[PDB]
Amino acid sequence: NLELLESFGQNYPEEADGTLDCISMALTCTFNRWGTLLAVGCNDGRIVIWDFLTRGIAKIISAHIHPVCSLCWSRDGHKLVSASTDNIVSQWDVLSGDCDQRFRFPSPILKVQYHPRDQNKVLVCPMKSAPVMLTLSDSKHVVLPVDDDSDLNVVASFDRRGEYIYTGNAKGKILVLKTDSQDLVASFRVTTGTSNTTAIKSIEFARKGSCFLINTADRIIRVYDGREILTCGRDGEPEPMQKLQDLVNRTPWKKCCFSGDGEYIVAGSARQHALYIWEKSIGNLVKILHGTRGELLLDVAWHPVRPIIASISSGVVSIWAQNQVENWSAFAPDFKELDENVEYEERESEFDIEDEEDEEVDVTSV
Amino acid sequence: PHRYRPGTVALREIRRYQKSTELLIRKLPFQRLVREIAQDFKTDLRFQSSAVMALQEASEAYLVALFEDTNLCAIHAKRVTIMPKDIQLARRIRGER
């Protein structure tokens, strides 16, 4: 989409680069599929959408009176789904902003998600009760059965392909269910610490493969591979690909997401407002970031095809990309700015030497 | 039509201010100064009052010592009027810069 001759040693974000000093009171953030837009919820129940290439504010849509605390994009990028303390199964359009669904169903919702291929299947995570999957036209709702019923705090999601439903209680027991027939094909209790269990805060997934993340509450982010769960099956005992923590400040986390290529992991503090970035493979911290030193972090995004990171603090959404360095030879490619004494003798065809197209390419193709 | 020879009011104010001890800078502008430059290190702090008084005492004593060493410099240069190259000389000699 962008320049292909641009890669003069591309980087991974370092700078502050300037923010959106336009509308405060942000609450959450998420990108579309390609990484071209960003929906942001207000405090009174509105939507802020910012376009990236023009760096322009795309659309402002006023949803309701309750604050918007959950958002997701469709696969085409045309159906926004959201839920709040308003208790309403909502569905919104991007050309018009229409109230297509309105079903005020109790125990207000903490997270929504589409099935990643069919936009008919949507995720509903209540205040207390077990998570619910719905349809669009009719009210066919599928509450997943939970053996515990004692936490009243169950997290569940769909993975990259939508093959299965990874579910998780607040006791740290996982119940893998098939995405349509609810086949309990795999189960594991998380091997927390020495013996004593922990809660589960959230679970997210990737864009390439089946590596994923577990966000517990003992300040330890765990990384598993979904094919290892598939290889285990029932009564699985997975031990993680890579464990993550920072014991210097003993910092419990608020939000995590992956890179675009599934190579890098960002995760944010709940205390210091300082972002960390890790390598998936070799397994160490690579860079600490900072910001306004005394603010409270809310939500962190990532841009898939290009190293851009969105933060949220005090209703301000930062954008961090390199403060990139421009130079000569784009104005004049025949001249290149050297530094020192460069010798030019390697070619031998000098000192007065004189020696002795057919591709038809379409112009309106894709 | 009665006015003093110039300098008399200066010397009597010198004795009048050395015969007393109090806070000398007005307190609320100094408190607003302290909060405004404390903004830059951690947002939305919460001071006490005795910490502000301690800062005012430390800054008052530092300025008084600086001006007396400045006045020694200006008398050494066979002058009376203090010019800011004296202050910059004093902070260059003392080792703070």
# chains A, B, ... in the order shown; residues from 1 in each chain; ligands from 1
$ closest_atom_pairs --of "chain B" --to "chain A" --cutoff "8 Å" --atoms "only C-alpha atoms" --output "Markdown table"
| residue | atom | partner | partner_atom | distance |
| --- | --- | --- | --- | --- |
| B:41 | CA | A:293 | CA | 7.3 |
| B:42 | CA | A:294 | CA | 5.4 |
| B:43 | CA | A:294 | CA | 5.2 |
| B:44 | CA | A:294 | CA | 7.7 |
$ residues_around --residues "residue 91 in chain B" --least-positions-apart "6" --cutoff "12 Å" --atoms "only C-alpha atoms" --output "ChimeraX atom specification"
/B:62-63,65-67,69-70,73,84-85,97
$ closest_residue --among "A:35, A:77, A:168, A:18" --to "residue 259 in chain A" --atoms "only C-alpha atoms"
A:35
$ atom_distance --atom1 "CA of residue 74 in chain A" --atom2 "CA of residue 301 in chain A"
16.9 Å
$ atom_distance --atom1 "CA of residue 49 in chain A" --atom2 "CA of residue 204 in chain A"
23.0 Å
$ residues_around --residues "range 54-57 of chain B" --least-positions-apart "2" --cutoff "9 Å" --atoms "only C-alpha atoms" --output "ChimeraX atom specification"
/B:23,25,27,30-31,34,49-52,59-62
$ write_last_selection --atoms "N, CA and C atoms" --output "PDB file, in the first residue's frame"
ATOM      1  N   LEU B  23      10.224  35.888  57.803  1.00  0.00           N
ATOM      2  CA  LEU B  23      10.080  35.551  56.396  1.00  0.00           C
ATOM      3  C   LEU B  23      10.045  36.832  55.584  1.00  0.00           C
ATOM      4  N   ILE B  25      10.154  37.072  51.799  1.00  0.00           N
ATOM      5  CA  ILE B  25       9.434  36.968  50.538  1.00  0.00           C
ATOM      6  C   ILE B  25       7.978  36.656  50.847  1.00  0.00           C
ATOM      7  N   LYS B  27       4.469  35.002  50.882  1.00  0.00           N
ATOM      8  CA  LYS B  27       4.459  33.546  50.932  1.00  0.00           C
ATOM      9  C   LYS B  27       3.656  32.898  49.805  1.00  0.00           C
ATOM     10  N   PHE B  30       5.518  32.640  46.403  1.00  0.00           N
ATOM     11  CA  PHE B  30       6.550  31.619  46.473  1.00  0.00           C
ATOM     12  C   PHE B  30       5.953  30.219  46.490  1.00  0.00           C
ATOM     13  N   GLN B  31       4.776  30.054  47.095  1.00  0.00           N
ATOM     14  CA  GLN B  31       4.127  28.748  47.076  1.00  0.00           C
ATOM     15  C   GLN B  31       3.655  28.384  45.674  1.00  0.00           C
ATOM     16  N   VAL B  34       6.662  27.217  43.759  1.00  0.00           N
ATOM     17  CA  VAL B  34       7.108  25.871  44.103  1.00  0.00           C
ATOM     18  C   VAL B  34       6.202  24.816  43.478  1.00  0.00           C
ATOM     19  N   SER B  49       2.460  22.119  54.541  1.00  0.00           N
ATOM     20  CA  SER B  49       2.834  23.521  54.672  1.00  0.00           C
ATOM     21  C   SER B  49       4.255  23.698  55.181  1.00  0.00           C
ATOM     22  N   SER B  50       4.670  22.839  56.110  1.00  0.00           N
ATOM     23  CA  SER B  50       5.995  22.954  56.697  1.00  0.00           C
ATOM     24  C   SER B  50       7.091  22.656  55.686  1.00  0.00           C
ATOM     25  N   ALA B  51       6.804  21.837  54.677  1.00  0.00           N
ATOM     26  CA  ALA B  51       7.775  21.634  53.610  1.00  0.00           C
ATOM     27  C   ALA B  51       7.973  22.905  52.796  1.00  0.00           C
ATOM     28  N   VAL B  52       6.895  23.658  52.577  1.00  0.00           N
ATOM     29  CA  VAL B  52       6.998  24.926  51.863  1.00  0.00           C
ATOM     30  C   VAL B  52       7.784  25.942  52.682  1.00  0.00           C
ATOM     31  N   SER B  59      15.949  28.717  50.568  1.00  0.00           N
ATOM     32  CA  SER B  59      16.195  29.628  49.454  1.00  0.00           C
ATOM     33  C   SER B  59      16.581  31.020  49.935  1.00  0.00           C
ATOM     34  N   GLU B  60      15.955  31.485  51.020  1.00  0.00           N
ATOM     35  CA  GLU B  60      16.309  32.773  51.600  1.00  0.00           C
ATOM     36  C   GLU B  60      17.754  32.790  52.082  1.00  0.00           C
ATOM     37  N   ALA B  61      18.195  31.716  52.743  1.00  0.00           N
ATOM     38  CA  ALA B  61      19.572  31.680  53.224  1.00  0.00           C
ATOM     39  C   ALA B  61      20.568  31.591  52.079  1.00  0.00           C
ATOM     40  N   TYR B  62      20.217  30.856  51.023  1.00  0.00           N
ATOM     41  CA  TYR B  62      21.119  30.749  49.884  1.00  0.00           C
ATOM     42  C   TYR B  62      21.276  32.080  49.156  1.00  0.00           C
TER      43      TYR B  62
END
$ select_by_dssp --residues "chain B" --states "alpha helix (DSSP H)" --output "NGL selection string"
:B and (8-18 or 27-38 or 50-76 or 84-94)
$ closest_residue --among "A:160, A:271, A:46, A:280" --to "residue 226 in chain A" --atoms "only C-alpha atoms"
A:160
$ closest_residue --among "A:60, A:265, A:308, A:47" --to "residue 323 in chain A" --atoms "only C-alpha atoms"
A:308
$ atom_distance --atom1 "CA of residue 278 in chain A" --atom2 "CA of residue 266 in chain A"
6.4 Å
$ closest_residue --among "A:197, A:261, A:139, A:238" --to "residue 209 in chain A" --atoms "only C-alpha atoms"
A:261
$ residues_around --residues "residue 179 in chain A" --least-positions-apart "5" --cutoff "9 Å" --atoms "only C-alpha atoms" --output "list in words"
residues 115, 158, 162, 163, 164 and 165 of chain A
$ residues_around --residues "residue 188 in chain A" --least-positions-apart "3" --cutoff "6 Å" --atoms "only C-alpha atoms" --output "list in words"
residues 173, 174, 235, 236 and 237 of chain A
